[PDB]
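One structure below.
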Amino acid sequence: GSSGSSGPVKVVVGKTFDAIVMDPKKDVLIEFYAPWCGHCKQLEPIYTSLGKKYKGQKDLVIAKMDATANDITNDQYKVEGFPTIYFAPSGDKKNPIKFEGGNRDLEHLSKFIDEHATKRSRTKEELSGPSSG
């Protein structure tokens, strides 16, 4: 349990990344934002609600980190363009899930979490997409 001082979205660092973002106790959604990017600005608010709202979920904590400052020791997590969201499922983290839909909003983002979520609601994963990556 961690309260939000200046926002609902939990902030993680390199020293608390492999501990939080890589917490096998619960699925943590890490979103690499850039303090020098515009897209992140329009998403700033979009993500805020996405967290404060998902705060009432099961073993789920929508956090974020500044890949620009913190170096992602991992290798599976790559930040080519911001914003960049990654869902780390408690257990199968080794395989990160980048939000790939087209429209980054509070309506689409939620549709990506509920699916890749900890199987909370009645929903399956039937996608005939690529494997590698």
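Identifiers for the structure tokens are assigned positionally: chains receive A, B, ... in sequence, residues are indexed from 1 per chain, and ligands are indexed from 1 in the order shown.
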Which residues are close to residue 84 in chain A, i.e. within 7 Å by only C-alpha atoms, leaving aside same-chain residues fewer than 3 positions away? Reply as a compact mmCIF listing (two decimals) with C-alpha atoms, in the first residue's frame.
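Writing done, so here's out.txt:
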# COMPACT_ATOMS: atom_id res chain seq x y z
CA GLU A 31 4.79 3.40 -18.24
CA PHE A 32 8.04 5.00 -19.41
CA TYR A 33 7.31 8.72 -19.79
CA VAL A 79 11.74 2.31 -24.98
CA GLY A 81 9.15 6.13 -28.39
Item to check | Contact residues around residue 95 in chain A with only C-alpha atoms at 12 Å, ignoring same-chain residues under 2 positions, as an MDAnalysis selection string | outcome: chainID A and resid 22 74:78 86:93 97:98 116 131:133
Next on the checklist: Considering only C-alpha atoms, can you say which of A:118, A:103, A:5, A:16 comes closest to residue 57 in chain A?
Outcome noted: A:118
Checklist entry - Which of chain A counts as strand (DSSP E) under DSSP, as a PyMOL selection string please? => result chain A and resi 10-11+27-32+60-65+84-88+97-98
Next on the checklist: What's the separation between CA of residue 110 in chain A and CA of residue 4 in chain A, in Å to one decimal place?
Outcome noted: 20.1 Å
Item to check | Picked from range 14-113 of chain A by DSSP as helix (DSSP H, G or I), as a list in words | outcome: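 Taking range 14-113 of chain A and keeping helix (DSSP H, G or I) gives residues 17, 18, 19, 20, 21, 39, 40, 41, 42, 43, 44, 45, 46, 47, 48, 49, 50, 51, 52, 53, 54, 108, 109, 110, 111, 112 and 113 of chain A.
When only C-alpha atoms are used to compute distances to residue 61 in chain A, the closest of the residues A:115, A:122, A:23, A:18 turns out to be A:23.
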Next on the checklist: Need the shell around residue 13 in chain A: protein/DNA/RNA residues with any atom at most 10 Å away, counting only C-alpha atoms. Skip same-chain ones fewer than 3 positions apart. Format as a PyMOL selection string?
Outcome noted: chain A and resi 16-21+64-67+69-72
Hey, what's within 9 Å of residue 113 in chain A if we count only C-alpha atoms and toss same-chain stuff fewer than 4 positions away? As a compact mmCIF listing (two decimals) with C-alpha atoms, in the first residue's frame, please?
# COMPACT_ATOMS: atom_id res chain seq x y z
CA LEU A 29 1.97 -1.62 -15.34
CA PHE A 87 2.24 -4.61 -18.47
CA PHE A 99 0.14 -1.44 -25.34
CA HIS A 108 -8.42 2.12 -24.90
CA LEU A 109 -5.81 1.74 -22.17
CA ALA A 117 -4.97 -8.20 -16.40
CA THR A 118 -4.64 -10.92 -13.75
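Note that CA of residue 48 in chain A and CA of residue 26 in chain A are 19.6 Å apart.
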Next on the checklist: Just to confirm, what's the straight-line distance from CA of residue 82 in chain A to CA of residue 34 in chain A in Å (one decimal)?
Outcome noted: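 CA of residue 34 in chain A lies 6.4 Å from CA of residue 82 in chain A.
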Next on the checklist: Which residue is closest to residue 100 in chain A? Choose from A:7, A:129, A:1, A:35 and count only C-alpha atoms.
Outcome noted: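 That would be A:129, the residue with the smallest distance to residue 100 in chain A.
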Item to check | Long-range neighbours of residue 44 in chain A as a PyMOL selection string, 10 Å cut-off, only C-alpha atoms, 5 positions minimum in chain | outcome: chain A and resi 9+33+38-39+49+83
Checklist outcome for this item: In terms of only C-alpha atoms, the residue from A:11, A:3, A:47, A:41 at minimal distance from residue 105 in chain A is A:47
Checklist entry - With distances taken over only C-alpha atoms, which of A:104, A:124, A:114, A:56 is nearest to residue 42 in chain A? => result A:104
Checklist outcome for this item: In terms of only C-alpha atoms, the residue from A:50, A:102, A:15, A:94 at minimal distance from residue 62 in chain A is A:50
